[PDB]
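Worksheet for the structure shown next.
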Amino acid sequence: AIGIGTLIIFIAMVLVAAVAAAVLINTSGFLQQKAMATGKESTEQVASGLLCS
Amino acid sequence: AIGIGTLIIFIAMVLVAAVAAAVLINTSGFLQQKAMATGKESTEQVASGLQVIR
């Protein structure tokens with residue numbers, strides 16, 4: 001009797017961990033974009049300019 | 001299930017990192033004005049004066 005249930009709830013544990021992992025993976029992706037963008041943009045700003053002759 | 005907590009603590013971690021970032025942005029603002037003014041003022045001081053002709 002006991003065995004049956006153990007299997008079923010095991011399935012849920014798997015799926016719930018999977019769903020949580022998805023958040024972390026995705027979010028890391030979402031941040032990767034903006035992280036890079038900010039650095040490149042900021043550098044180009046500080047480095048560039050014009051000078052009156 | 002372990003996943004549940006992992007989610008919840010992430011929410012916290014983000015929020016704390018936000019607050020930490022904020023103080024630097026704010027402080028940089030405060031310092032900006034104070035610095036700029038100090039330079040301007042000091043410059044005008046050295047540059048200016050009067051001379052007795054006769």
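Identifiers in the structure tokens: chain A, B, ... in order shown; residue index from 1 per chain; ligand index from 1 in order shown.
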
Return as a Markdown table the residues of chain A lying at most 10 Å from chain B, together with the closest atom-to-atom pair for each and the distance in Å to one decimal, counting only C-alpha atoms, with rows in chain order and ascending residue number.
```
| residue | atom | partner | partner_atom | distance |
| --- | --- | --- | --- | --- |
| A:9 | CA | B:1 | CA | 9.9 |
| A:10 | CA | B:1 | CA | 9.6 |
| A:12 | CA | B:1 | CA | 8.3 |
| A:13 | CA | B:1 | CA | 5.5 |
| A:14 | CA | B:1 | CA | 8.6 |
| A:15 | CA | B:3 | CA | 9.3 |
| A:16 | CA | B:3 | CA | 6.0 |
| A:17 | CA | B:3 | CA | 4.6 |
| A:18 | CA | B:3 | CA | 7.9 |
| A:19 | CA | B:3 | CA | 7.8 |
| A:20 | CA | B:3 | CA | 5.3 |
| A:21 | CA | B:3 | CA | 7.7 |
| A:23 | CA | B:7 | CA | 7.8 |
| A:24 | CA | B:7 | CA | 8.2 |
```

With N, CA and C atoms kept, could you save the residues just selected as a short mmCIF file (atom, residue, chain, number, x, y, z; two decimals), in the first residue's frame?
```cif
data_model
loop_
_atom_site.label_atom_id
_atom_site.label_comp_id
_atom_site.auth_asym_id
_atom_site.auth_seq_id
_atom_site.Cartn_x
_atom_site.Cartn_y
_atom_site.Cartn_z
N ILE A 9 4.42 10.94 -5.04
CA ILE A 9 4.87 12.24 -4.57
C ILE A 9 6.28 12.54 -5.07
N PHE A 10 7.07 11.49 -5.34
CA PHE A 10 8.41 11.67 -5.87
C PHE A 10 8.31 12.46 -7.16
N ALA A 12 6.19 14.63 -8.06
CA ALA A 12 5.93 16.03 -7.82
C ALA A 12 7.22 16.74 -7.43
N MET A 13 8.03 16.12 -6.56
CA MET A 13 9.26 16.75 -6.09
C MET A 13 10.11 17.17 -7.29
N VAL A 14 10.18 16.29 -8.30
CA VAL A 14 11.01 16.45 -9.48
C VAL A 14 10.54 17.69 -10.21
N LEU A 15 9.24 17.72 -10.50
CA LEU A 15 8.67 18.76 -11.32
C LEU A 15 8.84 20.11 -10.61
N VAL A 16 8.66 20.16 -9.29
CA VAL A 16 8.72 21.42 -8.57
C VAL A 16 10.14 21.96 -8.59
N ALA A 17 11.14 21.09 -8.44
CA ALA A 17 12.54 21.51 -8.51
C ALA A 17 12.85 22.02 -9.92
N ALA A 18 12.27 21.36 -10.93
CA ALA A 18 12.48 21.73 -12.31
C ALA A 18 11.97 23.14 -12.54
N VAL A 19 10.74 23.41 -12.09
CA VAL A 19 10.10 24.71 -12.27
C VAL A 19 10.95 25.79 -11.62
N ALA A 20 11.49 25.51 -10.44
CA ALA A 20 12.29 26.51 -9.74
C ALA A 20 13.60 26.76 -10.50
N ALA A 21 14.17 25.70 -11.05
CA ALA A 21 15.42 25.84 -11.77
C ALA A 21 15.20 26.77 -12.96
N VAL A 23 13.28 29.24 -13.36
CA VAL A 23 13.30 30.64 -12.96
C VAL A 23 14.74 31.13 -12.93
N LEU A 24 15.62 30.36 -12.30
CA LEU A 24 16.96 30.83 -12.03
C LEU A 24 17.70 30.96 -13.35
#
```

- Item | Straight-line distance linking atom CA of residue A:27 with atom CA of residue B:16, stated in Å to one decimal |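 Straight-line distance from atom CA of residue A:27 to atom CA of residue B:16 works out to 16.5 Å.
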